[PDB]
Structure formats: C-alpha cells, structure tokens
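>>> my complex, part one, positions kept as in the full thing:
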Amino acid sequence: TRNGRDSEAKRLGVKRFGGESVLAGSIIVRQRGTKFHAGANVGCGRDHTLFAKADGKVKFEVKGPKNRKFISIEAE
C-alpha cells in the first residue's frame, strides 16, 4: 500500500554485560518493556532504562517464582 518507511533505530539492549564494573549512575540496559527487571542497587528509569545505584559489578540473575531476569549490582 506504499511502503518504504522505517524509523531511526533506538540503540537498544545491554550496555554492560555481567561482571563489568560500573560507576553508580551507568546504564546497564536499554529496553522498551522491562525485559530485565531492577534488582539490588539497580534503578529502573522511566523508560525502563535500567541503571546502577551504586558502584559495583553487574549481576544478572533469574530470580522469582515467575522466573524473571533481574539485574543487580554487587559491590566489588
């Protein structure tokens, strides 16, 4: 029906893989929904961007009875 439009790519996904040491503030994941969820010392921002509330190493877990991924930051 007349195609050929697209939108500019919003540069998503993980920014810091597990084990990476981050400074309090940094953005560990960009995402539209909460693909990942904030765990300990990780804030989820208002676009679901997850960030660090604390300097430490990045920690990915799957916790929960619903079996969901969480990103935390362990102190290093």
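Done, it's in. Numbering: from 1, shown residues only, chains lettered A, B, ... in the order given.
>>> look up the residues forming beta bridges with residue A:52.
Counting by DSSP bridges, residue A:52 is bridged to residue A:42.
>>> again, but for the one 10 residues further on
The residues listed as beta-bridge partners of residue A:62 by DSSP bridges are residue A:69.
>>> neighbours of it, how many?
If you count neighbours by other Cβ atoms under 10 Å, residue A:62 ends up with 9. For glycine as for every other residue, the C-beta is placed from the backbone atoms N, C-alpha and C.
>>> tell me the contacts of it?
By Cβ atoms under 8 Å, 6 or more residues apart in numbering, the contact list for residue A:62 reads A:68, A:69, A:70.
>>> just the buried ones out of the residues you listed, please.
Among those, the ones that count as buried by 16 or more other Cβ atoms under 10 Å are residue A:70.
>>> which one of the contacts of residue A:62 is nearest residue A:35?
Using Cβ to Cβ, residue A:69 comes nearest to residue A:35 of these, at 7.3 Å.
>>> include this sequence as chain B:
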Amino acid sequence: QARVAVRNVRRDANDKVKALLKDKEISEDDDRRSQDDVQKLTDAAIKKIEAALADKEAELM
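With chain B now in place:
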C-alpha cells in the same frame, strides 16, 4: 455492423482511461499500456467475429 459494436467499446474504453489521465490518476505510462490491452481485446473480439462469419460463409458457399 458487429466489428462496429466491438469498436465502439474500444472507444468508451479509451475514453474512460483517456480521462483518468488528467486528475493525474494514472501515469502516462499506465495510460499507453492499458489502451494497448484494449487494442488486444478489440482485435480478439474481432477475430472471433471473423471466425464466425467464415464458418457461415462456408455454408452459403
């Protein structure tokens, strides 16, 4: 008389299209093309007509 009827249809056909040229609803390309299908249609309808005529002409002769 028959070819004449056929042809009159050639004529409205092209008329319709011809007219969809302004109100630029058709590419000048589109337009040539189609008018050609109409030619194809017209020649076809005719050759039929002449098959028929020939069939009969056989009888009479």
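>>> find the nearest non-adjacent residue to the residue most central in space within chain B, please.
Note on chain B: the residue nearest the mean C-alpha position is residue B:42, at 2.8 Å, using Cα atoms, centre = their mean. By the measure of Cβ to Cβ, 6 or more residues apart in numbering or on different chains, the closest residue to residue B:42 outside its immediate chain neighbours is residue B:10, 4.7 Å from it.
>>> ok, residue B:39 next?
Residue B:39's closest residue in space is residue B:10 (Cβ to Cβ, 6+ apart), at 7.5 Å.
>>> doesn't the one you found fall inside a helix?
Yes. Counting by DSSP: H, G, I helix; E, B strand; the rest coil, one finds residue B:10 located in a helix.
>>> is it true that it touches residue B:40?
No. Taking Cβ atoms under 8 Å as the definition, residue B:10 is not a contact partner of residue B:40, at 10.7 Å.
>>> append chain C to the structure above:
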Amino acid sequence: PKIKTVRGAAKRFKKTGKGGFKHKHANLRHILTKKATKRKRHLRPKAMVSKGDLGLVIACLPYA
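That brings us to chain C, laid onto the chains above:
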C-alpha cells in the same frame, strides 16, 4: 590584507581560557511551553565547541 573575521561567528562564540570556545545552546528561543523544564534548564548554561568543530570556528575567528 588583514583577514576579515566572520562577523557572525564572533557574535556566537567567545574564546576561553585554555583555548576552546563557549557558545549558547540552540533550542531555547521559542516553542518553549512544549519542552521539559529539565530540558530547558540544561540548555541555559553555555557550552564548549566540540572537538569536531573547533576546526571551523578557529577558521572563522582568526582574531579571537
């Protein structure tokens, strides 16, 4: 002949201590209501011409 200054870039960058230039942020002149306070508030301070642009600014302001 004295190089003439780009009279208009001189009206928009002011040369700074260490050598860069400071400029005002675009996007704070109208269509203002529709913009966040965060946003606008951050475009209030001035800013330093980028690594990529000095080239062009120095080019314009030979007497800065």
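>>> re-run the earlier check on the neighbour count of residue A:62 with chain C in the model.
9 (other Cβ atoms under 10 Å in any protein chain shown).
>>> and residue B:54, by the same measure?
Neighbour count for residue B:54, taken as other Cβ under 10 Å: 9.
>>> what kind of secondary structure is it in?
Assignment for residue B:54 (three-state DSSP): helix.
>>> what distance do you get for it to residue B:7?
Going from residue B:54 to residue B:7 by Cβ to Cβ, to the nearest Å gives 19 Å.
>>> got phi/psi on the residue nearest the centre of chain C?
Among the residues of chain C, residue C:23 comes closest to the average C-alpha position under Cα atoms, centre = their mean, at 2.4 Å. Phi and psi for residue C:23, reported as degrees, to the nearest 10, are phi -140, psi 170.
>>> for the chain, what spans make up the strands?
In the absence of a named chain, chain A is used. A:13-14, A:21-22, A:27-30, A:37-38, A:42-44, A:50-52, A:56-63, A:68-74 (DSSP state E).
>>> oops, chain C please
C:14-15, C:21-24, C:46-48.
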